[PDB]
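This document opens with one chain alone, in structure tokens, the form deposited in one PDB entry.
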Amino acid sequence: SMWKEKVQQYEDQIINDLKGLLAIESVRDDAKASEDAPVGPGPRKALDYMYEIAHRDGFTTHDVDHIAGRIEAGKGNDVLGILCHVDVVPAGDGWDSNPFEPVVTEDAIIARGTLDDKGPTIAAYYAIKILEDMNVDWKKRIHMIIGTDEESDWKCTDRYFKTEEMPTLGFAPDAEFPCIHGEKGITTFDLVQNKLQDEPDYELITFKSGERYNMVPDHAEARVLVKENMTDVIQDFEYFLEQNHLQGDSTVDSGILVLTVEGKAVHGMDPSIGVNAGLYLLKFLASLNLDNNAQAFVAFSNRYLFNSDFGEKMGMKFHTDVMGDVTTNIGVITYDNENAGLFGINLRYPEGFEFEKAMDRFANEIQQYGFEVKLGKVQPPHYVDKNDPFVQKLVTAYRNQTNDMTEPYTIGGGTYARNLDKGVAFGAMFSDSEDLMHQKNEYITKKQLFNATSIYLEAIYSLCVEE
């Protein structure tokens, strides 16, 4: 097609710009937070990188407290917004490359953020640039909005939308294709414990596993104080690993037993296709004679969290043909002698699920075990009529170059789209490709990247040039 050929003509520029942006470790770090770096050095630097190539290419930019900003492209009354985030999730062990040193092979590019969300953003970016290079007659302005905190708390767009212009129409290239006109409600809360003797066979000293609500933990570590004979615990733990097909290991160190479990990290919108390292370790600890609190902590996990991806053990198993299942992820698990423990849960649900009702019932159920709920942000399900001219306008672009007649459907990602009333999430991913978002060895294919660019090219054209 006219568009695919055009794009190929930029294949090398796109790869270079992407590389640059992949090379920036824009993972949030609150220990370096500053007014200059609200969420740390990384995200800040990634934002400015977008300002650079922008400037390089002649586009005007506008920043907002170094937490988010826009790029201006078009000319006219209306403004098509395109919401990209440039922050990224941390990367764990087991990588076959440096997560933040992009590798580029014949077929793909390897690096954290290739798939979500650096790959798309830029693909989006070159759509504008290409048009502009064509000296087109813009009939609408284009605001590429870049956020730096979307993967965590929404500090980026929350601020951006207090003072800045709200686009008249917009999409986020940061879920799936071929359109995503709806998204489950996203939520996060904590299950916190309470304190409460006689020198048990084992005392749990600490437990850490998992860092982000929106990721399945692939690492878990427990520090255990053994009382008398511990060769049993080792042999047992090593059998536990084998039986469950896990990686991990054990070291006694300063007279203390360090139990470690590797798992498989996966996006939190779906934990069932991953292996929660934290939950398994706790499943294992359940077989020991432990101090009362550790025992209560472990029991809780096994009663409510373990092997319960769809909130089943929480009396929250619920489903809809339209927006799907309720999913519950345990992204954060911590415990210590003084304060522990804590379960951080990422629960998502379809329109119709009564969160508060559910959440409030569970809160009373849980009292007796000495636990309590601590709600975090709660953002409601987001729906845009598949048929809205906007959506059909984007889909047409997908269908013309893909010919996949599939209907726009509704995932549970948690994109930027719901920032706009008719906000939608438009692509990135082809049914064609491996969804390694939030996983190790994350990569994007040249094919996808380029074919995405091309579709973004025709769509943004159809939509801002052609009247």
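Numbering starts at 1 and follows the sequence shown.
What comes next is about the form deposited in another entry, which does not appear here.
Considering the chain as two rigid segments that shift between the shown form and the other one, residue 78 sits in a different segment from residue 200, judged by which superposition fits each C-alpha better. The pair residue 153 and residue 82 approaches in that other deposited form: their C-alpha atoms are at least 3 Å nearer to each other than in the form depicted.
In that other deposited form, the Cα atoms of residue 65 and residue 212 sit 3 Å or more farther from each other than they do here.
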